[PDB]
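In this chain, residues are counted from 1 in sequence order.
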Amino acid sequence: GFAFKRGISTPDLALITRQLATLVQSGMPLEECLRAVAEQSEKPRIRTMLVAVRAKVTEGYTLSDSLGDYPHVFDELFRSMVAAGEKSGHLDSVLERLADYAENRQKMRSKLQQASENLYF
Ligand SMILES: [Ca+2]
């Protein structure tokens with residue numbers, strides 16, 4: 001019947017996107033980068049997802065295709081950016097952009113959430 005899953009927190013996405021961008025830009029293979037981000041995670045759910053994303057990458061699927069198994073986590077814009085890097089041979093640069101993006105999203109969202117709580121109480 002019906003299913004419903006939620007995404008991850010804005011700081012959680014900011015962390016894994018920064019970590020992945022750091023690793024890929026350093027020249028490490030994508031599969032190894034995904035393993036490092038998973039094994040460095042404090043969050044079981046994020047660990048499990050990245051193992052699953054990695055598993056598809058090792059079966060030959062693109063990163064963008066693989067992230068599409070978690071559309072509740074990585075929205076269409078995020079996955080399009082990934083696809084454009086992969087298509088063009090600029091996966092490193094796009095991940096850097098997405099990491100800056102995810103960090104700016106976390107800051108603005110957290111500021112707004114905090115402002116709501118401060119004022120309400
Ligand atoms: Ca940057």
Side-chain angles (χ1 to χ4, degrees):
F2 296 128
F4 176 69
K5 308 164 172 290
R6 291 201 192 94
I8 68 186
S9 81
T10 69
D12 290 344
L13 179 61
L15 184 56
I16 66 176
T17 300
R18 174 58 63 196
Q19 289 178 304
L20 187 59
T22 303
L23 291 162
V24 172
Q25 278 173 106
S26 78
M28 283 163 54
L30 180 58
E31 57 81 9
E32 190 184 333
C33 302
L34 288 164
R35 177 191 301 262
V37 179
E39 302 290 23
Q40 292 173 219
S41 182
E42 297 175 20
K43 308 256 193 144
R45 187 164 152 241
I46 290 175
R47 209 169 306 129
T48 301
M49 178 179 78
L50 292 182
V51 174
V53 169
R54 182 181 172 283
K56 297 299 194 81
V57 170
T58 66
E59 294 293 323
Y61 293 91
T62 67
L63 182 53
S64 178
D65 180 4
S66 297
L67 297 172
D69 284 355
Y70 297 87
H72 56 293
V73 178
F74 307 100
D75 73 4
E76 297 185 314
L77 179 45
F78 190 109
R79 296 182 284 107
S80 296
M81 196 58 78
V82 180
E86 291 184 289
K87 183 83 169 188
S88 68
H90 294 284
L91 184 51
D92 57 345
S93 63
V94 303
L95 290 174
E96 182 54 49
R97 174 182 297 274
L98 286 171
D100 288 342
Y101 171 83
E103 260 159 32
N104 284 142
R105 177 163 164 269
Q106 181 273 325
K107 290 181 231 264
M108 277 299 280
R109 195 108 192 159
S110 61
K111 271 161 56 184
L112 203 56
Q113 172 64 66
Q114 285 172 203
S116 67
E117 292 168 342
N118 294 350
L119 268 178
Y120 187 88
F121 304 115

More than 12 heavy atoms of other residues, nucleotides or ligands under 6.0 Å from CZ of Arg47: yes or no?
yes
CD of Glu103 to CG of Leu15, rounded to nearest 0.5 Å, is 9.0 Å
Would a distance-only check, ignoring hydrogens and angles, find a side-chain to backbone donor-acceptor pair under 3.5 Å from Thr17 to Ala14?
no
Are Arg18 and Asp100 close enough for a salt bridge, meaning some N to O gap below 4.0 Å?
yes
Would you compute the distance between atom CE of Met81 and atom CG of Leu67 and round it to the nearest 0.5 angstrom?
13.5 Å
Between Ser41 (side chain only) and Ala38 (backbone N and O only), is there a donor and an acceptor less than 3.5 Å apart?
no
Would you say the side chain of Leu63 lies within less than 4.5 Å of the side chain of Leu34, judging by non-hydrogen atoms?
yes
If you count heavy atoms of other groups shown closer than 6.0 angstrom to CE of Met28, is the number above 12?
yes
Apply side-chain contact (heavy atoms from CB on, under 4.5 Å) to residues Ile8 and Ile16 and explain how you reach the verdict.
CA-CA 11 Å; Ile8 68 186; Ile16 66 176; 4.0 Å; yes
Let me check something: do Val37 and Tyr101 share a hydrophobic cluster, defined by ILVMFWY side-chain heavy atoms less than 4.5 Å apart, either directly or through other members?
no
Check for me, please, whether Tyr61 and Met49 land in the same ILVMFWY cluster - side-chain distances under 4.5 Å, paths through other members count.
no
Working to the nearest 0.5 Å, report the span between CG of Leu20 and CG of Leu98.
9.5 Å
Interatomic distance, CG@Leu91 vs CD@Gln25, rounded to 0.5 Å, equals 9.5 Å
To the nearest 0.5 Å, atom CD of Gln114 lies from atom CG of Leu119 at 12.5 Å
With a 4.5 Å cut-off on side-chain heavy atoms, are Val82 and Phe74 touching?
no
Using 4.0 Å as the upper bound for N to carboxylate O, is an ion pair formed by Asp65 and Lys56?
no
Side-chain touch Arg79/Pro71, heavy atoms, less than 4.5 angstrom:
yes
Does CD in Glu59 sit with more than 12 non-hydrogen atoms of other residues, nucleotides or ligands closer than 6.0 Å?
no
Any sub-3.5 Å donor-acceptor pair from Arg54's side-chain atoms to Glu31's backbone N or O?
yes
Quick check: are there more than 12 heavy atoms from other residues, nucleotides or ligands sitting under 6.0 Å from CZ of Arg45?
yes
Would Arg105 and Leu13 satisfy side-chain contact (heavy atoms from CB on, under 4.5 Å), going step by step from the backbone distance to the final call?
CA-CA 10 Å; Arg105 177 163 164 269; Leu13 179 61; 3.3 Å; yes
How many angstroms lie between OH in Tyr70 and CG in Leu50, if you round to the nearest 0.5 Å?
8.5 Å
Heavy atoms of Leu23 and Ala36 approach each other most closely as CD1-CB, 3.7 Å
